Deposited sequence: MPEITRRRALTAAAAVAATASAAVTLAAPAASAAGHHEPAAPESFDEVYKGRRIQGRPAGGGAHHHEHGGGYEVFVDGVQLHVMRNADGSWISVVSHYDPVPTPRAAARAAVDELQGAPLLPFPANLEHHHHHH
């Protein structure tokens, strides 16, 4: 049962998520994200820090990046 899609500008960057099992993008670059058994999420740039939702993981990625471009995977 996948989360809803989202689209916003967060700290000046466009973050998008959508069911695929779910995809997240940071300014059009896809960010690997993963769901844990308990429903929490992580991303490759915050892989040991579960957050409740894919939007939270995208926001955590923008926080991590401090403005830098994301590289594709």
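Engineer: Would you flag the ranges of the deposited sequence that the structure leaves without C-alpha positions?
Structural biologist: Coordinates drop out over 1 to 39, 60 to 70, 124 to 134.
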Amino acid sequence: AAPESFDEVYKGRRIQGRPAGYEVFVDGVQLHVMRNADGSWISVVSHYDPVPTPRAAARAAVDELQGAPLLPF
From here on, numbers count along this sequence of modelled residues.
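Engineer: Taking only the CA atoms, which stretch has the higher mean B-factor in the record, 5 to 13 or 54 to 62?
Structural biologist: Averaging CA B-factors over each stretch, the winner is 5 to 13.
Engineer: Tell me, lowest, middle or highest third: where does the Cα B factor of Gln30 rank within its chain?
Structural biologist: Lowest third - that is where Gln30 ends up once the chain's C-alpha B-factors are sorted.
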